[PDB]
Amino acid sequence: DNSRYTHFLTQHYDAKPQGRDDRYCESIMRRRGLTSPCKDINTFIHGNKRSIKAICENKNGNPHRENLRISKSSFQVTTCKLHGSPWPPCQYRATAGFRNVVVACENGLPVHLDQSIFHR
């Protein structure tokens, strides 16, 4: 049921981050168990869930292509990209960003963040 959202908070939300350097990334990847094997690129949104959820309604997001929503507002964000062996030690590099994000909502909740916009 409503858990893919839970999985989504766990992979793509860190409410209040303490600085956003590479040493940051390496930490939170591990904590959030994205290290076996090493996830090649992952992004975390910051701030509150309030906003993130509202991408799922015309409140803070209009539709976007086929099965995907985009937000009206911009999010502080941090993208961790692995450097090097898909296996730990898995120690990525960090890119702080600020811009709107794209997700799929189901039963009105974010349940997929779309990483394509963060290679760019």
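All residue numbers refer to positions in the sequence shown, first residue = 1.
Where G84 is followed by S85 in the displayed chain, the model omits 1 to 3 of the deposited residues that sit between the two. With 56-64 and 35-43 compared on mean CA B-factor from the PDB entry, the stretch scoring higher is 56-64. The PDB entry assigns the greatest CA B-factor among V77, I70, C90, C80 to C90. Placement of the Cα temperature factor of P17 within the chain: highest third of the modelled residues, per the deposited record. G97: CA B factor in the lowest third of modelled residues in this chain (values from the PDB entry). Annotation for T10: CA B-factor lies in the lowest third of the chain's modelled residues.
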